[PDB]
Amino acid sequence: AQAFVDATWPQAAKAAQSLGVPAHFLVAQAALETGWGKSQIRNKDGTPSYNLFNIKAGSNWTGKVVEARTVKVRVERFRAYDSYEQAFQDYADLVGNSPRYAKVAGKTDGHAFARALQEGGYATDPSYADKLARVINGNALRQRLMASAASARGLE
């Protein structure tokens, strides 16, 4: 999971700064969605979709599309990108501009942030906010963020 955090951090930071929320909120969200990178949607040719946020490809999406099965079994159409950078940019556009997500900006509490996404219709699971807040506030993420940093301070 460390490489996932290391890779997503700069992209998350860029997007978080445009969305007005802490960068680790977005790292946490991507981690929850993809099992810290382990369960990302993949193209048939083996290239990843880079779609860390599991964003569906609807009628207003004319980009690359990847089909993936969801839970009996439905085939769902997902957005696909050329990089994590592009995926984060598309996420930033959606959450930053869509009025349904207007409550996201300026949230500095994990649970408040997750509730704002849920209100926008990001996901409907009633436990979504609790589950995402747990990752945001958790020791697992904290340790990985510290490990990712170029600098650290001595105890004295």
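Don't overthink the numbering: it's just position in the shown sequence, from 1.
In this entry, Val71 and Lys72 are separated by 4 to 9 residues of the deposited sequence that lack coordinates. Looking at 147-155 and 3-11 together, the entry lists the larger mean B-factor for 147-155, computed on C-alpha atoms.
Two stretches are in play, 38-46 and 116-124, and the higher mean C-alpha B-factor belongs to 38-46. Highest C-alpha temperature factor among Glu67, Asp109, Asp93, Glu33 per the entry: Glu67. Split the chain's modelled residues into thirds by C-alpha temperature factor. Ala16 is in the highest one.
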